[PDB]
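Engineer: Below is work-v8.txt; it holds compact mmCIF, C-alpha atoms and all ligand atoms.
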```txt
# COMPACT_ATOMS: atom_id res chain seq x y z
CA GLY A 1 55.79 12.17 276.88
CA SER A 2 55.92 11.50 273.15
CA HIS A 3 58.16 14.50 272.34
CA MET A 4 61.66 13.25 273.02
CA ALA A 5 63.44 16.49 272.25
CA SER A 6 61.87 18.15 275.31
CA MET A 7 62.18 15.21 277.68
CA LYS A 8 64.02 16.23 280.81
CA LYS A 9 66.88 14.44 282.57
CA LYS A 10 67.05 13.80 286.29
CA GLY A 11 69.91 15.53 288.02
CA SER A 12 72.75 13.90 289.90
CA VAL A 13 72.89 13.14 293.59
CA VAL A 14 75.04 15.87 295.21
CA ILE A 15 77.21 15.76 298.33
CA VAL A 16 76.10 18.74 300.42
CA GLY A 17 77.94 18.07 303.68
CA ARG A 18 79.22 15.43 306.02
CA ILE A 19 78.93 13.90 309.46
CA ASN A 20 82.28 14.66 311.08
CA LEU A 21 83.44 11.75 313.21
CA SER A 22 87.17 12.52 313.20
CA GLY A 23 87.50 14.01 316.68
CA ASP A 24 85.86 13.59 320.09
CA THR A 25 82.54 15.20 319.07
CA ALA A 26 80.25 14.11 316.25
CA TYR A 27 78.80 17.00 314.30
CA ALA A 28 77.18 17.80 310.99
CA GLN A 29 78.90 20.11 308.51
CA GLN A 30 77.35 21.70 305.43
CA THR A 31 79.72 22.09 302.50
CA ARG A 32 77.26 23.32 299.82
CA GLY A 33 74.12 25.46 300.01
CA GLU A 34 70.77 24.82 298.33
CA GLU A 35 71.42 26.94 295.24
CA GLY A 36 74.85 25.54 294.41
CA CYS A 37 73.45 22.05 295.02
CA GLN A 38 70.79 22.74 292.37
CA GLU A 39 73.43 23.83 289.85
CA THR A 40 75.73 20.89 290.65
CA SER A 41 72.84 18.46 290.27
CA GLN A 42 72.13 19.68 286.73
CA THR A 43 75.74 19.72 285.59
CA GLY A 44 77.01 16.70 287.49
CA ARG A 45 80.23 18.64 288.05
CA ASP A 46 81.22 18.91 291.71
CA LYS A 47 84.66 20.31 292.42
CA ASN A 48 84.18 20.63 296.18
CA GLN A 49 86.59 18.87 298.49
CA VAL A 50 85.16 15.70 300.05
CA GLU A 51 86.33 14.41 303.42
CA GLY A 52 85.24 11.69 305.78
CA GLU A 53 83.17 8.52 305.78
CA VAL A 54 79.58 9.71 306.06
CA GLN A 55 78.27 12.20 303.50
CA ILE A 56 75.06 14.17 303.50
CA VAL A 57 73.60 13.96 299.99
CA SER A 58 70.69 15.57 298.16
CA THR A 59 68.62 15.41 295.02
CA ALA A 60 66.20 18.07 293.90
CA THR A 61 63.51 16.58 296.14
CA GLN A 62 65.16 14.56 298.95
CA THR A 63 68.10 14.61 301.36
CA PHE A 64 69.65 11.57 303.05
CA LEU A 65 73.08 10.08 303.85
CA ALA A 66 75.70 8.03 302.03
CA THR A 67 78.49 5.98 303.66
CA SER A 68 81.85 4.84 302.30
CA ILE A 69 82.76 1.18 302.94
CA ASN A 70 85.45 -0.73 301.02
CA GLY A 71 85.99 2.14 298.56
CA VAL A 72 82.30 2.43 297.56
CA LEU A 73 79.91 5.20 298.60
CA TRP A 74 76.70 3.35 299.48
CA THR A 75 73.17 4.64 299.90
CA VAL A 76 69.52 3.67 299.51
CA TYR A 77 67.70 3.20 296.21
CA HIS A 78 64.59 4.91 297.64
CA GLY A 79 66.73 8.06 297.95
CA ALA A 80 68.94 7.93 294.88
CA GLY A 81 67.06 5.77 292.39
CA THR A 82 69.33 5.11 289.43
CA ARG A 83 70.88 8.59 289.54
CA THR A 84 74.47 9.47 288.84
CA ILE A 85 76.52 11.24 291.51
CA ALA A 86 78.20 14.59 290.81
CA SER A 87 81.97 14.37 290.64
CA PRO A 88 84.85 16.69 289.70
CA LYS A 89 84.86 15.41 286.12
CA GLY A 90 81.15 15.05 285.52
CA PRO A 91 78.44 12.58 286.45
CA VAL A 92 79.46 9.13 287.65
CA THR A 93 77.17 6.14 286.99
CA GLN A 94 76.30 3.74 289.80
CA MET A 95 78.52 0.69 289.96
CA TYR A 96 75.99 -1.16 292.10
CA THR A 97 72.19 -1.05 291.95
CA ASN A 98 69.96 -3.47 293.84
CA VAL A 99 66.32 -2.42 294.20
CA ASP A 100 65.54 -5.63 296.06
CA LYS A 101 67.93 -4.61 298.84
CA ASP A 102 67.12 -0.90 298.50
CA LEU A 103 70.84 -0.43 297.77
CA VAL A 104 73.03 1.57 295.41
CA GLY A 105 76.70 2.41 295.30
CA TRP A 106 79.18 4.54 293.41
CA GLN A 107 82.94 4.57 293.44
CA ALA A 108 83.98 6.51 296.52
CA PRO A 109 84.91 10.18 295.90
CA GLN A 110 88.52 11.20 295.98
CA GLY A 111 89.20 12.55 299.43
CA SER A 112 86.70 10.39 301.26
CA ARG A 113 87.73 7.77 303.83
CA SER A 114 86.12 4.34 304.00
CA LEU A 115 84.87 2.38 306.97
CA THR A 116 86.17 -1.18 307.45
CA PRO A 117 83.57 -3.99 307.33
CA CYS A 118 83.03 -5.42 310.81
CA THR A 119 84.29 -8.91 311.66
CA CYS A 120 83.71 -8.63 315.44
CA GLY A 121 80.51 -10.67 315.60
CA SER A 122 79.28 -8.12 318.24
CA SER A 123 75.66 -7.03 318.77
CA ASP A 124 76.21 -3.71 320.55
CA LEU A 125 75.81 -1.20 317.72
CA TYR A 126 75.57 2.54 317.15
CA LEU A 127 73.51 4.32 314.52
CA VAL A 128 74.74 7.69 313.25
CA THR A 129 72.07 10.14 312.05
CA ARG A 130 72.13 13.14 309.72
CA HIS A 131 72.13 15.38 312.78
CA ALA A 132 75.23 13.58 314.13
CA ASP A 133 73.25 11.94 316.90
CA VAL A 134 74.77 8.60 317.94
CA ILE A 135 71.99 6.17 318.82
CA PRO A 136 72.81 2.92 320.67
CA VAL A 137 71.18 -0.05 318.96
CA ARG A 138 71.14 -3.67 320.10
CA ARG A 139 71.39 -6.06 317.14
CA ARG A 140 68.33 -8.32 317.08
CA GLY A 141 68.72 -10.28 313.83
CA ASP A 142 70.58 -10.27 310.53
CA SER A 143 69.04 -6.97 309.48
CA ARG A 144 67.24 -5.57 312.56
CA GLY A 145 68.30 -3.77 315.71
CA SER A 146 66.37 -2.17 318.56
CA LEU A 147 66.87 1.37 319.82
CA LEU A 148 67.87 1.33 323.46
CA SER A 149 65.90 4.58 323.73
CA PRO A 150 63.08 4.80 321.18
CA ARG A 151 62.63 8.04 319.27
CA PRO A 152 59.91 9.50 317.06
CA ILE A 153 60.25 8.72 313.36
CA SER A 154 61.04 12.42 312.80
CA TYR A 155 64.37 12.00 314.57
CA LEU A 156 65.47 9.37 312.07
CA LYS A 157 63.98 10.85 308.88
CA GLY A 158 66.71 11.76 306.39
CA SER A 159 69.20 9.29 307.85
CA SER A 160 68.75 6.38 305.45
CA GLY A 161 72.12 5.56 303.99
CA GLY A 162 73.83 6.22 307.34
CA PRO A 163 75.93 3.66 309.15
CA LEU A 164 75.49 1.28 311.99
CA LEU A 165 78.88 0.81 313.61
CA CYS A 166 80.35 -1.63 316.14
CA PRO A 167 82.12 -0.50 319.31
CA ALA A 168 85.42 -0.43 317.37
CA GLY A 169 84.03 1.79 314.62
CA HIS A 170 83.66 -0.86 311.97
CA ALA A 171 80.71 -0.75 309.55
CA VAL A 172 77.99 -3.28 310.42
CA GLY A 173 75.22 -2.03 308.15
CA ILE A 174 73.53 0.74 306.20
CA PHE A 175 70.29 2.18 307.69
CA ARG A 176 67.34 1.49 305.38
CA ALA A 177 64.00 1.72 307.16
CA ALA A 178 62.49 2.38 310.57
CA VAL A 179 60.30 -0.09 312.46
CA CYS A 180 57.56 2.16 313.69
CA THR A 181 54.63 1.86 316.12
CA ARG A 182 52.38 4.91 316.45
CA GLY A 183 55.13 7.12 315.05
CA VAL A 184 57.79 5.89 317.51
CA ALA A 185 60.80 4.09 316.08
CA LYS A 186 61.53 1.13 318.39
CA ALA A 187 63.82 -0.63 315.89
CA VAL A 188 65.66 -0.17 312.62
CA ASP A 189 66.10 -2.22 309.45
CA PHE A 190 69.54 -2.13 307.86
CA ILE A 191 71.46 -3.65 304.94
CA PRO A 192 74.09 -5.88 306.60
CA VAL A 193 77.66 -5.25 305.48
CA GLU A 194 77.83 -8.89 304.39
CA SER A 195 75.04 -8.17 301.94
CA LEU A 196 77.05 -5.24 300.61
CA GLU A 197 80.03 -7.57 300.17
CA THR A 198 77.98 -10.18 298.31
CA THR A 199 76.69 -7.39 296.05
CA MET A 200 80.32 -6.45 295.40
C1 LIG B 1 62.45 7.35 309.20
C2 LIG B 1 63.61 7.10 308.59
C3 LIG B 1 63.78 5.84 307.70
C4 LIG B 1 65.18 5.44 307.27
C5 LIG B 1 64.22 6.08 306.24
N1 LIG B 1 63.67 5.12 305.31
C6 LIG B 1 62.32 5.14 304.93
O1 LIG B 1 61.63 6.11 305.19
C7 LIG B 1 61.88 3.98 304.13
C8 LIG B 1 61.50 4.12 302.68
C9 LIG B 1 60.47 3.30 302.48
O2 LIG B 1 60.74 1.87 302.59
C10 LIG B 1 61.27 1.29 301.47
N2 LIG B 1 61.16 1.97 300.22
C11 LIG B 1 61.75 1.34 299.10
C12 LIG B 1 61.66 2.07 297.77
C13 LIG B 1 62.31 1.36 296.58
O3 LIG B 1 62.24 1.94 295.33
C14 LIG B 1 61.57 3.19 295.34
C15 LIG B 1 63.02 0.05 296.69
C16 LIG B 1 63.09 -0.65 297.99
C17 LIG B 1 62.42 0.01 299.20
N3 LIG B 1 62.51 -0.65 300.46
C18 LIG B 1 61.92 -0.04 301.59
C19 LIG B 1 61.96 -0.72 302.94
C20 LIG B 1 60.96 -1.85 302.83
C21 LIG B 1 63.37 -1.21 303.20
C22 LIG B 1 59.55 3.50 303.77
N4 LIG B 1 60.53 3.57 304.77
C23 LIG B 1 60.39 3.37 306.18
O4 LIG B 1 61.40 3.48 306.89
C24 LIG B 1 59.00 2.99 306.68
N5 LIG B 1 59.15 1.85 307.50
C25 LIG B 1 59.05 0.58 306.89
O5 LIG B 1 58.76 0.40 305.73
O6 LIG B 1 59.31 -0.45 307.78
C26 LIG B 1 59.20 -1.75 307.07
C27 LIG B 1 58.72 -2.67 307.93
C28 LIG B 1 60.02 -2.79 308.96
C29 LIG B 1 61.15 -2.76 308.15
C30 LIG B 1 60.64 -2.26 306.73
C31 LIG B 1 58.40 4.18 307.44
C32 LIG B 1 59.19 4.48 308.73
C33 LIG B 1 56.95 3.74 307.78
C34 LIG B 1 58.38 5.45 306.58
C35 LIG B 1 64.66 7.43 305.85
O7 LIG B 1 65.24 8.17 306.56
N6 LIG B 1 64.36 7.70 304.50
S1 LIG B 1 64.79 9.20 304.01
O8 LIG B 1 66.19 9.61 304.10
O9 LIG B 1 63.97 10.16 304.79
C36 LIG B 1 64.18 9.39 302.35
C37 LIG B 1 62.66 9.10 302.13
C38 LIG B 1 64.86 10.54 301.64
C39 LIG B 1 65.16 9.09 301.26
ZN ZN B 2 83.66 -4.56 314.50
```
Can the structure from this file be put into C-alpha cells for me?
Structural biologist:
Amino acid sequence: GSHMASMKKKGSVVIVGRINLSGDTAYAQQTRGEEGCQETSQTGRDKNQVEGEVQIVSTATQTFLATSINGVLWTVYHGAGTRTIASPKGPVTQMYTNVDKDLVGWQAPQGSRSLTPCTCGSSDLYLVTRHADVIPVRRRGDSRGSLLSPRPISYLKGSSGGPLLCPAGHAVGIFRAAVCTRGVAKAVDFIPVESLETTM
C-alpha cells in the first residue's frame, strides 16, 4: 500500500499449549484458547505460565510446534516468518533467522525447560507430533529419517518445529518437512541439532 498510516502489523507468534513429556504418558495440553490467542498476538503480551520443552504455537493463520534446545525456542521459518513471539513484557524479536534452513529462534521463555543436544551418534530416533504421538524414525542421512510405520501427511501436519529425539531424550533435530509419496509420509526432513549449533 502507499498509505503508511493505515499499514497493518503482523501479530506475534503465541504459545497456546504444550506437549507434556514429563511423566510416563505423552499428551497435548492447551493453555490458551483461540480468542485469547488472537488478543495476545496483537499485543505481544503473554503472561501465561510456560512449562516444558515442546510448545504448541500459533499465528493468526497457522499452528505448529516450537522446541527449546540450549536456551533457545526454535521453530520453522515457514510457520513463523520473521515474527516476534509474545512474552510477559511485550514482543520479543527473533535472535536467529535462517530462511535457507527454514529456521528461526527466540530466547527461551522463562519457565520452559531445554533439551540437551545429542552427542550419542545413534540412528534410532523418535519424532514427537503436535498430538503427542511418538513416531519411531530410523536416521537415514544428515537431515533425513524414515518412519518405521508410514503415516498419511495429515498425521504430521502442524508438527513442524517439533523434535526428533534419541533413545536418551536428547535433541537430534527439528522437524521441517515430510517426504511424501501419494500422500503417505515415508520419511521426514529435519534441521540437525549441529546445524542449530552452527547457527548459534
Ligand atoms: C506435513 C507436515 C510437514 C512438517 C510440515 N512442513 C511442511 O509442510 C513444509 C513447508 C514447506 O516446505 C518448505 N517451505 C519453506 C518456506 C520458507 O519461507 C516461506 C523457507 C524455507 C522452506 N523450506 C521448506 C522445505 C523445503 C524444508 C512444504 N513442506 C512439506 O513438508 C512438503 N514436503 C516437502 O517439501 O518435501 C521436500 C522434499 C523432501 C524434503 C523437502 C509437503 C509435505 C509436500 C507439504 C508441517 O507440519 N508444516 S506445518 O506445521 O503444517 C505449517 C505449514 C504451519 C507451518
Ligand atoms: Zn543422544
Engineer: With only C-alpha atoms as the counted atoms, please give the residues lying no more than 8 Å from stretch 65-73 of chain A, apart from itself and same-chain residues fewer than 4 positions off, as a list in words.
Structural biologist: residues 53, 54, 55, 56, 57, 105, 106, 107, 108, 109, 112, 113, 114, 115, 116, 117, 130, 158, 159, 160, 161, 162, 163, 171 and 174 of chain A
Engineer: Tell me which of A:111, A:91, A:141, A:183 sits closest to residue A:154, counting only C-alpha atoms.
Structural biologist: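 The closest residue to residue A:154 is A:183.
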Engineer: For ligand LIG 1 (chain B), which of A:45, A:151, A:170, A:176 is the closest residue, counting all atoms listed in the file?
Structural biologist: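 Closest to ligand LIG 1 (chain B), using all atoms listed in the file: A:176.
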Engineer: Neighbouring residues of ligand ZN 2 (chain B) are defined here as those with any atom at most 10 Å from a ligand atom, counting all atoms listed in the file; list them as a compact mmCIF listing (two decimals) with C-alpha atoms, in the frame of the given file.
Structural biologist:
```
# COMPACT_ATOMS: atom_id res chain seq x y z
CA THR A 116 86.17 -1.18 307.45
CA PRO A 117 83.57 -3.99 307.33
CA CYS A 118 83.03 -5.42 310.81
CA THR A 119 84.29 -8.91 311.66
CA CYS A 120 83.71 -8.63 315.44
CA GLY A 121 80.51 -10.67 315.60
CA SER A 122 79.28 -8.12 318.24
CA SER A 123 75.66 -7.03 318.77
CA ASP A 124 76.21 -3.71 320.55
CA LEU A 125 75.81 -1.20 317.72
CA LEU A 165 78.88 0.81 313.61
CA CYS A 166 80.35 -1.63 316.14
CA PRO A 167 82.12 -0.50 319.31
CA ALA A 168 85.42 -0.43 317.37
CA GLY A 169 84.03 1.79 314.62
CA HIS A 170 83.66 -0.86 311.97
CA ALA A 171 80.71 -0.75 309.55
CA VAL A 172 77.99 -3.28 310.42
```
Engineer: List all protein, DNA and RNA residues that have an atom no more than 8 Å from any atom of ligand LIG 1 (chain B), counting only C-alpha atoms and all ligand atoms, and report them as a ChimeraX atom specification.
Structural biologist: /A:62-65,76-81,99-103,153-161,175-180,183,185,188-190
Engineer: Just the number, please: distance in Å from atom CA of residue A:82 to atom CA of residue A:15, one decimal.
Structural biologist: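 Rounded to one decimal, the two atoms are 16.0 Å apart.
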Engineer: State, in Å with one decimal place, the distance from atom CA of residue A:16 to atom CA of residue A:104.
Structural biologist: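 About the pair atom CA of residue A:16 and atom CA of residue A:104: they are 18.1 Å apart.
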Engineer: Using all atoms listed in the file, which residue out of A:145, A:52, A:88, A:152 lies closest to residue A:22?
Structural biologist: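 Counting all atoms listed in the file, the residue closest to residue A:22 is A:52.
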